[PDB]
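Here the structure is laid out as structure tokens; the discussion comes afterwards.
Read the figures in this text as sums done on the coordinates, not as results from a lab. Here Cβ is always computed from backbone atoms with ideal geometry, including for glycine, and neighbour counts include all displayed protein chains.
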Amino acid sequence: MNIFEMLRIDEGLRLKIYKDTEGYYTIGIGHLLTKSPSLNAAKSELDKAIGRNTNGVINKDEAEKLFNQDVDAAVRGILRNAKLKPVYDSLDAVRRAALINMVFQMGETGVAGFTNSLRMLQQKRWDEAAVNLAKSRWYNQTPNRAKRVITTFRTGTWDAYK
Ligand SMILES: [Cl-]
Ligand SMILES: [Cl-]
């Protein structure tokens, strides 16, 4: 298992514009297009992202390309972030995947706001961090995906995904 296969299981793949769990316009592998209510603002963003007139539909390759850019941006955002970097550096390879996952879903700002859990992860207090992570809107809103990520942090293995 790796970060790509991990996120592909969590986000799924859709080749037509859809609305995410929060109601925002998304396409492909969890690629947020816009937070605006307008399907037209979404189609515009889409065409801009792909470099062609898409009429709201993309092919697999295009979806995968967006996905590659997004994972790359996620990692690089972690590395440039003063709060996140030290956490990432301290972690093993599996747990690094778990933080990348959170960043991909909720953005660098959002994750960086989990101050207490971050400190617990850094100290390698696994069970405590899992309990703290669960007291969040995140876990309450997407509990199945959250539990999987949390288990990855608790255990350090890919069990939740197998
Ligand atoms: Cl983009
Ligand atoms: Cl869920």
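Restricting the first residue to region 1-23 and requiring it to be in contact (Cβ under 8 Å) with a residue 12 or more places away in the chain and hydroxyl-bearing (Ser, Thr, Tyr), which pairs with a second residue that is in a loop (DSSP other than H, G, I, E, B) and surrounded by 15 or more Cβ atoms within 10 Å (Cβ to Cβ) meet a Cβ separation below 8 Å and a spacing of at least six or different chains?
Once the first residue is in contact (Cβ under 8 Å) with a residue 12 or more places away in the chain and hydroxyl-bearing (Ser, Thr, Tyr) and sits in region 1-23, its partners that are in a loop (DSSP other than H, G, I, E, B) and surrounded by 15 or more Cβ atoms within 10 Å (Cβ to Cβ) give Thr21/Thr142.
Give region 141-159 a look and list any residue that's within 16 Å of the chain's Cα centre (by Cα) and either more than 17 Å from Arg119 (Cβ to Cβ) or surrounded by fewer than 19 Cβ atoms within 10 Å (Cβ to Cβ) (or both), or say none.
Of all residues in region 141-159, those within 16 Å of the chain's Cα centre (by Cα) come to 141-153.
Those that are within 16 Å of the chain's Cα centre (by Cα) and either more than 17 Å from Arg119 (Cβ to Cβ) or surrounded by fewer than 19 Cβ atoms within 10 Å (Cβ to Cβ) (or both): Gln141, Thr142, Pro143, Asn144, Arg145, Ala146, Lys147, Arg148, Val149, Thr151, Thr152.
Among the listed residues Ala73, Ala134, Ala130, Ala112, identify the single one that is free of Cβ contacts under 8 Å to residues at least 60 places away in the same chain, away from ligand 2 (no atom under 16 Å from the Cβ) and more than 16 Å from the chain's Cα centre (by Cα).
Exactly one of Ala73, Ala134, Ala130, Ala112 is free of Cβ contacts under 8 Å to residues at least 60 places away in the same chain, away from ligand 2 (no atom under 16 Å from the Cβ) and more than 16 Å from the chain's Cα centre (by Cα), namely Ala130.
Hey, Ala49 hits all of (1) surrounded by 16 or more Cβ atoms within 10 Å (Cβ to Cβ); (2) hydrophobic (A, V, I, L, M, F, W, C); (3) farther than 24 Å from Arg137 by Cα; (4) touching a residue at least 24 places away in the same chain (Cβ under 8 Å) but one; which does it fall short on?
(4)
Could you look through region 115-140, keep only residues that are within 19 Å of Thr21 (Cβ to Cβ) and of a type in the set (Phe, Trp, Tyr), and pick out the one that is surrounded by the fewest Cβ atoms within 10 Å (Cβ to Cβ)?
Top of the filtered list is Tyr139.
Does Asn2 satisfy the condition of being loosely packed, with under 15 Cβ neighbours inside 10 Å, under 17 Å from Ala73 (Cα atoms) and either more than 16 Å from the chain's Cα centre (by Cα) or more than 16 Å from ligand 2 (Cβ to nearest atom) (or both)? Give the derivation first.
On the way: loosely packed, with under 15 Cβ neighbours inside 10 Å: yes; under 17 Å from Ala73 (Cα atoms): yes; either more than 16 Å from the chain's Cα centre (by Cα) or more than 16 Å from ligand 2 (Cβ to nearest atom) (or both): yes.
Considered against the rule, which asks whether it is loosely packed, with under 15 Cβ neighbours inside 10 Å, under 17 Å from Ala73 (Cα atoms) and either more than 16 Å from the chain's Cα centre (by Cα) or more than 16 Å from ligand 2 (Cβ to nearest atom) (or both), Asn2 comes out as yes.
Within region 21-59, which residues are within 17 Å of the chain's Cα centre (by Cα) and more than 16 Å from ligand 1 (Cβ to nearest atom)? It would help to see each step written out before you state the result.
Let us first name the residues in region 21-59 that are within 17 Å of the chain's Cα centre (by Cα), namely 21-35.
Of everything in region 21-59, those that are within 17 Å of the chain's Cα centre (by Cα) and more than 16 Å from ligand 1 (Cβ to nearest atom) turn out to be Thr21, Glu22, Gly23.
Applying the selection to region 10-62, what residues are assigned to a loop (DSSP other than H, G, I, E, B), under 23 Å from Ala98 (Cα atoms) and among the aliphatic types (A, V, I, L, M)?
Listed by number, the residues that qualify are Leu13, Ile29.
Checking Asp70 against (1) within 16 Å of ligand 1 (Cβ to nearest atom); (2) farther than 15 Å from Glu5 by Cα; (3) of a type in the set (D, E, K, R): exactly one of these is not met. Which one?
Among (1) within 16 Å of ligand 1 (Cβ to nearest atom); (2) farther than 15 Å from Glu5 by Cα; (3) of a type in the set (D, E, K, R), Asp70 violates only (2).
Looking only at region 72-90, which residues are aliphatic (A, V, I, L, M) and crowded, with 18+ Cβ neighbours inside 10 Å?
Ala74, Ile78, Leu84, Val87
Which count do you get for residues in region 56-69 that are surrounded by fewer than 18 Cβ atoms within 10 Å (Cβ to Cβ), touching a residue at least 24 places away in the same chain (Cβ under 8 Å) and among the acidic types (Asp, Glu)?
Final tally of qualifying residues: 1.
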